[PDB]
Structures are given as structure tokens and as C-alpha cells.
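Asker: Got an experimental structure here, sequence first:
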Amino acid sequence: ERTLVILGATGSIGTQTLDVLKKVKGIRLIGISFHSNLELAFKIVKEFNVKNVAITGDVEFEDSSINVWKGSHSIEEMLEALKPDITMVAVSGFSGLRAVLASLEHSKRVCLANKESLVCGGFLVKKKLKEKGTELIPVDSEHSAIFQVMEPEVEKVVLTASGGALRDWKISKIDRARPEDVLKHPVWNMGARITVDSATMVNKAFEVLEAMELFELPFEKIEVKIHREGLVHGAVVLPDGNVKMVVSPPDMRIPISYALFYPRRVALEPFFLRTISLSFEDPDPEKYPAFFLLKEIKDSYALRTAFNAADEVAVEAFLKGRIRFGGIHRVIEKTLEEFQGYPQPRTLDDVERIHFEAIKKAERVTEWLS
Amino acid sequence: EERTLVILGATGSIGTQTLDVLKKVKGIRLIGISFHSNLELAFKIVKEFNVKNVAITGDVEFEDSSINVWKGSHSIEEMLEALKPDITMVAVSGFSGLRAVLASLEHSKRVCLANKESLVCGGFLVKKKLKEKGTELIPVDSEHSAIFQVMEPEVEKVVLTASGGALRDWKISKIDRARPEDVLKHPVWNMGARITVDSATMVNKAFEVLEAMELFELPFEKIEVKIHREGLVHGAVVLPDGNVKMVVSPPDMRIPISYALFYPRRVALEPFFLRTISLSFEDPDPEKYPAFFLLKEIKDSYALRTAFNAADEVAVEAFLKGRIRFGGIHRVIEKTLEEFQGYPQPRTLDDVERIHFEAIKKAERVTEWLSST
Ligand SMILES: NC(=O)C1=CN([C@@H]2O[C@H](COP(=O)(O)OP(=O)(O)OC[C@H]3O[C@@H](n4cnc5c(N)ncnc54)[C@H](OP(=O)(O)O)[C@@H]3O)[C@@H](O)[C@H]2O)C=CC1
Ligand SMILES: NC(=O)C1=CN([C@@H]2O[C@H](COP(=O)(O)OP(=O)(O)OC[C@H]3O[C@@H](n4cnc5c(N)ncnc54)[C@H](OP(=O)(O)O)[C@@H]3O)[C@@H](O)[C@H]2O)C=CC1
Ligand SMILES: [Mg+2]
Ligand SMILES: [Mg+2]
């Protein structure tokens, strides 16, 4: 059996990974990390007989027949001790950057669900990947699809987007939208943040930057289309007229299983061909202004990190009632203005300093907009 | 760096589309051609491509003089032995493609296979020669090219798509009485009279299923055919996890030709741009395409597959000549196959060629019966 560690086991991706382990044999889960959801963590440790846990938040796990690592280097120290064959990196937020770097150091394969790691610190991940040679497979549905059809000479890589919860609403009504209108979603079963991110298309902006890092694509070779039905997860347009497309049901257990079991294909449920509707349209810049900030930020890890930080602050603020929907892209825009002229970060510490300064600035902007 | 090419059957549809590709991308030098009887087109290919080597497979005069000319029944094998091309495009029509593919596998580094008969009738022979030589074989057919591009060992289903042919929207009662003028109109693809009729009966698709089993080493049970009226999807693989990989492209044979010739490089032609579509996939009606549903009966026997091919060749020509109506085609095939029930599995090229010859003779007798009746 191949040994597995799931970082962020208590989250959406984490628990879907557990579901997959019940459905397919050949991997043994030997450790998990979680942040603060102790009740769920307890269920997992009992159900899966997990003897190694890294606590990442300010919570009390005790104990006493299981090894419990706690604090800021818990993930790193657990991974060094366990040296798993496979690590699923399903932590949310900016913590994903250090989690991925530690996973690359101590695992033979890293299954990457966390987006922030490549958005903010892709240059660090790429350096570590080259040095260590660790296998890295994306878990995101769109990058899993691309991974399956990618080749060296492409004309265009097409990512598809649902258009989010407000895809149908007209422009003037979107500014005023409340949380009770953004949840949800209406295509994927995901955490509260990702749902807001799909509605602003910030999620898709992250995926473009992730695709550039993962597949060494220039910005100009990527295109994003709104695709209502959510069947096509990615397509590659080749120079000869051929297009390779990947279709599947919208269930994250599919790309999870692929990343865990590659090069084997897991037996889940085959998707049988039938008459089908495939629509592809350009995102309207007036409906998705934060998405169109990509051109402005793509070349700078300082601006990419600030983009992510401001989005984290604005979504939280939106979820807590301080701003309305139209305030999200404004917080991001106004925060980015304050980082123009920043030098390109060179180290993990540089990236971390930008992130915390940007959180600080975005909070000030949010206060103004509240 | 430059690769040399021989095109067997250079004067045909595939051959001239290959020439069209060679005019608009560099890296391949045409050094030899074969043709059967189209002297006028062969000389013009020779002049315009500066070809110095020609194999004539038919009984025609091609004299002389500044070029090397091979003639008679061994002309392809002899020219290939002399030329040793890097690539041979095998685009001869009909049963002689089996001999041509085997000859090509002897003397090329890569064989681009357009000819269907070679695998339908003699797949076991081709596979044996492939193993001994270790030469590359890339299919040129657009469905096989599509599958080649997405194939992997653990597929659940390989899906070939079919236009359904000229009579796809017709009532079953009208089909039996159809004439060549009904069939020889063009729903999705631009090709010869033979391929157009085979598309209407879906015998073309029966050939492609058998070729797919040979090319990709798939059991018959893992192949699915769907009628796909848009003709945009040329093939798909269904994986056991829920993923489906599909290949979409314009219905232009220059695409898979360029892919086979230049693999692993992709030639810059005209990129296809994604847009809103419905995509239809329906099962073929057994009552509409009876000759297609003879697959399950013939699939394990090279004797039956060779007879199926021969009977088809006879029946299609008789149809085009006005001797039988469209419904007569599947009847010629069925009745000819009934005469070969129990024939032993051929073991050599010579066994295959004997079955071919007798099935042609048997199918002609059947055709006369149906014509006079
Ligand atoms: N959900 C989806 O469908 C998809 C998600 N992704 C990406 O995967 C990542 C995780 O997504 P999702 O599972 O939905 O997120 P969730 O919020 O549902 O769960 C995230 C996990 O990370 C833990 N966590 C939270 N904060 C920290 C922290 N500061 N340090 C370490 N661990 C922490 C949580 O612990 P606890 O519960 O105890 O607080 C939980 O275990 C994200 O980057 C997301 O963009 C990508 C594609 C699709
Ligand atoms: N056409 C298409 O779109 C596709 C075709 N194919 C397959 O490719 C093969 C050829 O296709 P296509 O180019 O359309 O056929 P054509 O009838 O257009 O031409 C066949 C070629 O074979 C030569 N030829 C004819 N008879 C003989 C013979 N007895 N011995 C040696 N050579 C002969 C012809 O010479 P000449 O002109 O001098 O008589 C010509 O060069 C067939 O198996 C067909 O099914 C597969 C996929 C797509
Ligand atoms: Mg995604
Ligand atoms: Mg074909």
C-alpha cells in the first residue's frame, strides 16, 4: 500500500478524499492535519485509525495513543517524521504555501488542491520541484482536465467557468447583492469562500495563474470561457485543428481519485455519452471586474500576493455584512494600487511580508467602504 | 533531419491530399510514388514534385527514361527495398493494401496506414510483422487518429462516431429501394464513391471497429459506435473514473494525414475555435444498418472478415452500376458470409488471398441472383 497524509482533512476536499479511500483500495492513510474543527477531526481519527495528527490552529487535542504535533511547524515536523508516499495538500488560504513546500520536501507525490501556493509563491514551488523532483499532480477539476490532455505545442488552453451564482442577474443589480444571493452556487459543492470567488471570478483568476505555473504557459495562450452546463472542464486547442476536451460529472472525487491513483484509473462510475448542450461565452468585463485584473498582476508575485490577500479580507467582510457584493472588487482594486512599484519578492519571507501588509491595507480599505 | 517519404497510391484521394500537405509544410522530401493506372496524374506528380522513382502496379506503359520505373506484381516491394524511405504512406485501395503494408513494414521506419483491408483481412499478419521489425505504424483514418491521440491502457469504452450516411434520416421502408443518386450526396465528409456507399450502410464503421481492435488491442466489447450527426467529435475514450476524453476537429483529412506524417510534431494549419453546440450521440438502428450488425458474427474469424470485405467490394460496385438497389448490398454480404460458415482460420498471406478470391467469385454469383430476382 502507498501511505497518505491529508493536510486539511476536515475541509471539503479533505473529506471527499476520505470518501475516495472508502471506494478504492491500495492507499493507507497514516496522518492528517486540521486547524480548529476538533469534533470532525475526532470522527476521522476514530473512523480511519489515524495515529498521527498535526494541529495547526489554537485547539487542544489530547491524546494519548496518537502522536500529536502542534504549532507553526507541525505539518513540517509530522511530514519529516512520516515521510509519506503521497500528501494531499487541501489546506485553505495562504498557509498552503508553506504546507506545499514542506510536502514537496518529504513526500514522493504531492496532490495539490491549495491555490494560494502557486498564485503567491509559484516561483518558490517551481524551484523546490526542480530541486527535489517530487511528483506534483493538481486536484482542481480544470487543471486535472488539462493535465490529462496537455502537450508541448498548443495553440490555446481553455478553462471553463460556471459564471457563479449571479451569472444571470443584470449588471446594475449585482453591486447590491447580499450573501443570501451568492450562496449558491450553482454548479459545485464547495466552501463559502470559493462560492463567493466563483461569483466574482476571482477563483478563475487564480486558476489562470495556476495553469501558467503548472504548465509553463504564457498568459497569452490561456483563455477562459463561461460554460453554463459545467460538463467540459478543460480543452486544449492544437495548431492543426484538433481540440482535445475533457468531460466529466462535476464531482471533485473524480480529480481527487486521479491524483491519488495516477497512473491507474480508478473504477467509479463511467460517464455515458448522450446528446448534450455545450455553450461557451466570453466573460463580460462589466460583470467580472476583479477577473480582468489578471493582465495588471500576472507578472508580479507582489501584486498576485496582494490580490489574494485583499480578496481574503473582502470576502470575509462581505460574509460578515460589512460590505455588499460590489465592494469586493473595489477593495481588491484599491489595495492593488498601494502595491504598485513593489519589487519582485525573492524569498518566502518576502512573500509572507507582502501578504500581511496587504491584509492590513485591505482592512483599511474595507473600513472606508463599510 | 529531413525525412524521405514514399506515397503508395499517390494518385488517389488520400495520396493527393498528402501531396497538398507536403506543399504547405517543410521537413519531408517525397522520393517515390506508386500508382495503378492514372498515367496523366502520375506524370504531373512526377513533374511537379521532381520524383525520380515510380512503381506501377497496373498494366500500363510508363516510358522512360530519366526516372526509375518498377513494373509488374513485385514493383512496390522492389522499389521500397531500393529506396528505404523514412516514411511510407500506404494509401492504395482494396485488397492489394495487405501486400503493400507488409512490404512497407519491411523497409520503412514509419508506416502511415490509410488502407483498411490490410487490418480487416490480415490484421494478424500485420501485427506479427510489426513485432519482428519494431516499426512505427500510425493510422491515418480520422477516427483512429483521434483515438490514437487519447488512448490509454485502462479505457472503459472506446467510442467511434459515425455520420450515419446519406440515408440517416430516411424511413426504413424507403432505404431498401434507394439508388446511387440518393446516396452519392454528402452529409459530412468529402470522399470517393466507395466510401460514400460504405458510410450509408455503415460497413465503413464495421471496418473501423475491426481496425480499432487491431490497432489498439481492444476486445470487441470495449468498442462503441454512436451516430453523431454534427461530425465534430471524431473519437472519444470513456474512462472508468467518470472522465471522458474527446477529440474535436473539422472534417478535413489533411489533419490526420499531417499528424501521422509529422508525429510527434503538430503542424500549424487552421486552429478550431470553440463555440456553442449541441452534440448528438445515438445508437445505430439495427433495422437501418443490418450489415454493420454482422460484426459480432465475423469479428473472431479472418476468413469471415476477408469474405465480408470481398462481398462488400462486389456489392458496392453492383449498386453503383445499377444492378441492385441499395437494400441488395447487405443481402449480398449476408448470403456470401453464409457460404463461409465454418471456414478455418487462415494462417498465412496465401490463405487470406485464397479466401478473398473465392468470396469475390461467390459474391458475384449472389449478386447475379439478386439482380435477376
Ligand atoms: N472545495 C472545492 O471544491 C475546491 C477547493 N480547491 C482548493 O482547495 C483548498 C481547500 O479547499 P476547501 O477544502 O473547500 O477549504 P475548506 O475551508 O472546506 O477546508 C480547508 C481545510 O484547511 C484547514 N485550515 C484552515 N485554515 C488553516 C490554516 N490557517 N492552516 C492550516 N490549515 C487550515 C481547515 O481546518 P478546519 O476545518 O479545522 O478549520 C480545513 O481542514 C483551497 O485552496 C481551495 O481553493 C480547489 C478546487 C476545488
Ligand atoms: N478517402 C478517405 O477519405 C479515406 C480513405 N481511407 C482508405 O484509404 C484507402 C485508399 O483511399 P482513397 O485514397 O480514398 O482511394 P482511391 O480510390 O481515391 O485511390 C486508391 C489509390 O490506389 C491505387 N490503386 C487502385 N487499385 C490498386 C491496386 N489494385 N493495386 C495497387 N494500387 C491500386 C489507385 O491508383 P490509380 O488512381 O492509378 O488507379 C490510387 O492511387 C482505402 O482503404 C480507403 O478506405 C481511410 C480513411 C479515410
Ligand atoms: Mg476549479
Ligand atoms: Mg474514418
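Answerer: Ah, there it is. Numbering: from 1, shown residues only, chains lettered A, B, ... in the order given. Ligands and ions are numbered 1, 2, ... in the order given.

Asker: show me where the stretch 251-370 of chain A has strands.
Answerer: Taking DSSP state E, counting those that start in this stretch as the test, the strands found in the stretch 251-370 of chain A are A:276-278.

Asker: Just the CA atoms of stretch A:322-330, as PDB, please.
Answerer: C-alpha atoms of stretch A:322-330 as PDB (Å, rounded to 0.1, in the frame of the first residue of the first chain):
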ATOM      1  CA  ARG A 322     -19.800  45.000   6.300                       C
ATOM      2  CA  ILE A 323     -19.800  45.400   2.500                       C
ATOM      3  CA  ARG A 324     -22.100  44.400  -0.300                       C
ATOM      4  CA  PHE A 325     -21.100  42.300  -3.200                       C
ATOM      5  CA  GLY A 326     -19.900  45.200  -5.400                       C
ATOM      6  CA  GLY A 327     -17.500  46.200  -2.700                       C
ATOM      7  CA  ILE A 328     -15.300  43.100  -3.200                       C
ATOM      8  CA  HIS A 329     -13.700  44.100  -6.500                       C
ATOM      9  CA  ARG A 330     -13.300  47.700  -5.100                       C
END
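
Asker: which outside residues touch the helix or strand harbouring residue A:39?
Answerer: Residue A:39 belongs to helix A:38-48 when elements are defined using DSSP states H and E. With contacts defined as Cβ atoms under 8 Å, 6 or more residues apart in numbering or on different chains, helix A:38-48 is touched by A:9-10, A:15, A:18, A:21, A:29, A:32, A:34, A:50, A:53, A:59-61, A:66. Just so you know, the C-beta spots here come from the backbone N, C-alpha and C atoms, and that holds for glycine as well.

Asker: farthest-separated two in those residues?
Answerer: With distances taken as Cβ to Cβ, the most widely separated pair in the contacts of helix A:38-48 is A:21 and A:60, at 27.0 Å.

Asker: Surely residue A:123 touches residue A:302?
Answerer: No. Between residue A:123 and residue A:302 there is no contact under Cβ atoms under 8 Å: 11.5 Å.

Asker: These two - which one has more neighbours?
Answerer: Neighbours per residue (other Cβ atoms under 10 Å in any protein chain shown) separate residue A:123 from residue A:302, with residue A:302 holding more: 25 against 16.

Asker: that older thread, buried ones in the helix holding residue A:39, by neighbour count?
Answerer: Buried residues in helix A:38-48, counted by 16 or more other Cβ atoms under 10 Å in any protein chain shown: A:41, A:44, A:45, A:48.

Asker: Distance to ligand 4 for those - can I get that in CSV?
Answerer: Shown next, in CSV, are the buried residues of helix A:38-48 (distance: Cβ to the ion, whole Å):
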residue, distance to ligand 4
A:41, 56
A:44, 52
A:45, 56
A:48, 50
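
Asker: For those, work out which two are farthest apart.
Answerer: Across those, the longest distance by Cβ to Cβ is 10.8 Å; it joins A:41 and A:48.

Asker: related to what we said a few turns ago, and which of the buried residues of helix A:38-48 is nearest to residue A:297?
Answerer: residue A:41 (35.9 Å).

Asker: So for the closest residue to ligand 2 within the stretch 1-150 of chain A, what's the nearest residue that isn't a sequence neighbour?
Answerer: Using Cβ to the nearest ligand atom, the closest approach of the stretch 1-150 of chain A to ligand 2 is made by residue A:149 at 23.9 Å. Distance criterion Cβ to Cβ, 6 or more residues apart in numbering or on different chains; nearest residue to residue A:149, sequence neighbours excluded, is residue A:244 at 3.9 Å.

Asker: Looks to me like the one you found is in a strand.
Answerer: Yes. With DSSP: H, G, I helix; E, B strand; the rest coil as the criterion, residue A:244 is assigned to a strand.

Asker: quick one: contacts for residue A:66?
Answerer: Contacts for residue A:66 (Cβ under 8 Å, 6+ apart) come out as A:45, A:50, A:51, A:52, A:53.

Asker: just residue A:30 next, same as before
Answerer: Applying Cβ under 8 Å, 6+ apart, we find residue A:30 in contact with A:3, A:4, A:5, A:50, A:51, A:52, A:82, A:84.

Asker: From the residues you listed, list the buried ones, please.
Answerer: A:3, A:4, A:5, A:50, A:52, A:82, A:84.

Asker: Contacts only, for the second one.
Answerer: Taking Cβ under 8 Å, 6+ apart as the criterion, residue A:4 is in contact with A:21, A:27, A:28, A:29, A:30, A:84, A:85, A:86, A:87, A:88, A:260.

Asker: can I see the domain layout of chain A?
Answerer: Domain assignment for chain A by curated CATH domains gives A:1-140, A:141-284, A:285-370.

Asker: ok, back up a step: the next helix or strand after the helix holding residue A:39 pairs with which strands, parallel or anti?
Answerer: Note on helix A:38-48: by DSSP H and E, the next helix or strand toward the C-terminus is strand A:52-55. If you go by DSSP bridges, strand A:52-55 pairs up with strand A:27-34 (parallel), strand A:67-70 (parallel).

Asker: Name the residues of the next helix-or-strand element following the shortest one that are buried.
Answerer: Looking back up the chat, that one is strand A:67-70. Sequence order places helix A:74-82 as the next helix or strand after strand A:67-70, per DSSP H and E. By 16+ other Cβ under 10 Å, the buried positions in helix A:74-82 come out as A:74, A:75, A:76, A:77, A:78, A:79, A:82.

Asker: Now do the phi/psi pair for residue A:287.
Answerer: Backbone torsions for residue A:287, taken as degrees, to the nearest 10, come to phi -90, psi -30.

Asker: my bad, residue A:3
Answerer: phi -90, psi 150.

Asker: quick one: contacts for it?
Answerer: Residues in contact with residue A:3 (Cβ under 8 Å, 6+ apart) are A:27, A:28, A:30, A:82, A:84, A:85, A:86.

Asker: how about 6 Å then?
Answerer: Listed by Cβ atoms under 6 Å, 6 or more residues apart in numbering or on different chains, the contact set of residue A:3 reads A:28, A:30, A:84, A:85.

Asker: ok, now residue A:16?
Answerer: A:252, A:253, A:256 are the contacts of residue A:16 under Cβ under 6 Å, 6+ apart.

Asker: what residues are up against the first one?
Answerer: Meaning residue A:252. The contact partners of residue A:252, by Cβ under 6 Å, 6+ apart, come to residue A:16.

Asker: Show me which residues of the stretch 51-200 of chain A are close to chain B?
Answerer: Residues of the stretch 51-200 of chain A lying near chain B by Cβ under 6 Å from any Cβ of the partner chain: A:153, A:155.

Asker: And the helices in chain A?
Answerer: Secondary structure of chain A (DSSP state H): helices at A:12-23, A:38-48, A:74-82, A:96-106, A:116-132, A:141-149, A:171-174, A:192-200, A:202-215, A:253-261, A:294-297, A:301-319, A:327-337, A:348-369.
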